[PDB]
Structures are given as C-alpha cells and as structure tokens.
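Inside the fold
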Amino acid sequence: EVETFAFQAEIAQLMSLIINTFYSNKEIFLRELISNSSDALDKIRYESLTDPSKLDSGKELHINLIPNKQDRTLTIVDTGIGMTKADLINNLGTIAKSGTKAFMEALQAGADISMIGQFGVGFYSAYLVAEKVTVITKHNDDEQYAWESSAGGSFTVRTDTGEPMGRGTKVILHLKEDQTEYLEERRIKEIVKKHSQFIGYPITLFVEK
Ligand SMILES: CCCCNC(=O)N(C)[C@@H]1C[C@@H]2C=C[C@H]1C2
C-alpha cells in the first residue's frame, strides 16, 4: 500500500529552486546530510540517558557512507533516533516551512545555496545531486517506513518490507548521470575531511568491490 502526498507549496518551490538554479558547489549536500545524521544521533543519545531501554534496538551510534557504482547510489546510514510516520508525512515538513521562507528571502538578499543549513532545511540539498531520494527510517515508537520523492511536487510513503534496520535512518541518493564523482572514494574523503572533520560520531566510508 503506497500513499502519495503533495509537498506543501513552499517546499515544492524550494525543491525546484534547488534543482533549477545554476550552482556549481554541489558537494555541500554531503555535509548537510551528515549534519542531519549527527543531530539524530545526538537525540537518541540524550533520550537514552533517562531511559536506557531506548538503545535495545541498537547500542552503536555511527554514520556509514556507502557508494554503489552499479546502482549509481550513495547511501548515508545513521543509527540515530529515526523518524515516525507523522514525522515523514507532516511534522518535519511543517517545521521546514518557516526555514524555507527565511532561506528564500536570504537568497534574494545575496545569500547563496551553501547557507541552506542555517535555515534547517539542509535535507533538500540532496536534490543538488540526486534525481530521486529514498529514505528508509525506523523510530522506536513506530514501524519501518520508506519515503520517496523525485521532486515534481509529490512524495510517497509506504511500510517498508526490506531488511529490518533496528533504528535509524538511511538516505539513498539516486545520483544524476553527471554527478557520479560522489561515488569515488577519494572524492568522498576529500569532502568529509573538508566539511565534516569534527563530527562527534564515527563516520565509516565503505569501499566498493
Ligand atoms: C534526520 C535526517 C533527515 C532530516 N529530514 C528533514 O529535514 N525532513 C524535512 C524530512 C526528510 C524526509 C523528507 C521530508 C521529511 C521526511
């Protein structure tokens, strides 16, 4: 059972600005997704201080970067707090509405797309490099869900049947044809070292076979 939803108008507007604006410094997408993973890990770490059973679904707090040249995908996996169905469908998009409006006003004032993180909507920078984004997520209080969008104004959410995650979030970037440089080990290392060197969780860059 796949449910289809319309993005809020302001968020659809942000995604098409991200997709259509000429902007060469696309690598900042990785910093934004890693920062998102770091916050999700902070959240479950804090919550587990007052309730250790919240780590029954997995004690390890880490971030994995998994390129796959065969599928042309880059996956960012974290074992953070995860996202409920209400998060995916409504809550997070609602929060993002005000940061979207502020971000788009700043861009009129001379700001540039690399400051998207200061407005809390860094996730959508994924569409600098991806034609389609799949997010698999599991929160302790909900089931495993798959969110997906190729932009164009709509996203889908379904219950996920694949491998159980335990807890956390997996962002699968289906890369545009001319953005395969972000599948290369030396390029990913360069970006992580430049923008994410002080992230307080182990970041493991997988290599391909
Ligand atoms: C925790 C790492 C992801 C942070 N998520 C966001 O910032 N969102 C706006 C959400 C991602 C999916 C698209 C919209 C919602 C659901």
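Calculation rules
- Residues numbered from 1 in each chain as written, not as in the entry; some residues may be left out.
- Heavy atoms only, no water.
- Near = heavy atom within 4 Å.
- 1 Å grid on protein atoms, 1.4 Å probe; cavity = no way out; pocket = protein on both sides within 12 Å on 5 of 7 lines; lining within 4 Å.
- Sits in = over half its atoms within 2 Å of the grid points.
- Nonpolar A, V, L, I, M, F, W, Y, C, P; charged D, E, K, R; others polar.
- Pairing = 2+ DSSP bridges.
- Helix = DSSP H or I, 4+ residues; strand = E, 2+ residues; numbered from the N terminus.
- Axes fitted to C-alpha atoms, helices over the stretch in contact; angles between N-to-C directions.
- Contact = heavy atoms within 4.5 Å.
- Expected span 1.5 Å × (residues − 1).
- Buried < 20%, exposed > 50% of the residue type's maximum accessible area, 1.4 Å probe, protein only.
- Arc of directions from axis to C-beta.
- Core = buried A, V, L, I, M, F, W, Y, C linked by side-chain atoms within 4.5 Å.
- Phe/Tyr/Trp six-rings, centres within 6.5 Å; stacked < 30°, edge-to-face > 60°.
- Salt bridge = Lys/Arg side-chain N within 4 Å of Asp/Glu carboxyl O.
- Points joined across faces, edges and corners; volume = space filled by probe spheres on them.

The record lists X-ray crystallography as the method behind this PDB entry and 2.07 Å as its resolution.

1. What about the site of the ligand?
Taken together, the neighbourhood of the ligand is formed by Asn-36, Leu-88, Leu-92, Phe-123, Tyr-124 and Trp-147. More than half of the atoms belonging to the ligand lie within 2 Å of the grid points that define the largest pocket. Across the shell around the ligand, the residue classes tally to 5 nonpolar, 1 polar and no charged.

2. A word on the sheet that holds strand β6 (residues 154-159)
Strand order across the open sheet formed by 8 strands is β1-β6-β5-β4-β7-β3-β2-β8, with mixed pairing between neighbours. Of all strands in the sheet, those bounded by a partner on one side alone are β1 (3-6) and β8 (203-205). On average, adjacent strands in this sheet sit at an angle of 15° to one another, irrespective of strand direction. Bridge count between β1 and β6: 4 bridges; the pairing is antiparallel. Bridging across to β6, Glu-3 finds its partner in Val-157. This element, helix α3 (residues 85-108), spans β1, β4 (130-138), β5 (144-149) and β6 of the sheet and lies at about 160° to β6.

3. Structural notes on helix α1 (residues 9-20)
What sets the pattern is the α-helix's 3.6 residues per turn: residues three or four places apart point alike. Taking 1.5 Å of rise per residue, 12 residues should cover 16 Å, and α1 covers 16 Å from first to last C-alpha, within 8% of that figure. Listed as buried for α1 are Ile-11, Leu-14, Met-15, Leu-17 and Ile-18. For α1, the angular spread of buried residues about the axis comes to 160°, placing them on one side. Of the residues in α1, the exposed ones pointing more than 90 degrees away from the buried face are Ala-9 and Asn-20.

4. Some thoughts on the nonpolar core
As a rule of thumb, soluble globular proteins bury nonpolar side chains together. Judged by nonpolar contacts, the single largest core of 54 residues is most densely connected at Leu-30, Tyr-124, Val-133, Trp-147 and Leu-173. Here the element with the most residues in this core is helix α2 (residues 28-50); it accounts for 8 residues. Once you skip the residues sitting within four places of it in the chain, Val-133 turns out to touch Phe-123, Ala-126, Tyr-127, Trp-147, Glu-148, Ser-149, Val-171, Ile-172, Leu-173 and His-174.

5. As for the packing of aromatic side chains
All chains considered together, the criterion is met by 8 aromatic pairs. Seen from their ring centres, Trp-147 and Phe-155 are 5.9 Å apart, and the 25° between their planes marks the pair as stacked. Per residue, the accessibility class of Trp-147 equals that of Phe-155, and both read buried. Through a chain of ring-to-ring contacts, the aromatic side chains of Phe-5, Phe-7, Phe-123, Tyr-124, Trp-147 and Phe-155 assemble into a single cluster.

6. Overview of the pattern of salt bridges
A complete count under the given rule lists 13 salt bridges for this structure. In this structure, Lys-54 and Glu-47 form a salt bridge, with 2.9 Å as the shortest nitrogen-oxygen distance. Residue classification places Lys-54 among the partly exposed positions, given a relative accessible area of 26%. In this structure, the salt-bridge partner of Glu-181 is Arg-187, at a minimum N-O distance of 2.9 Å.

7. Side note on the layout of surface pockets
A volume near 1000 Å³ is recorded for the largest pocket. Listing elements by their share of the lining of the largest pocket, those giving two or more residues are β1, α2, α3 and β7 (168-175). Here the element with the most residues in the lining of the largest pocket is α3; it accounts for 10 residues. Residues that form the lining of the largest pocket fall into these classes: 21 nonpolar, 14 polar and 6 charged.

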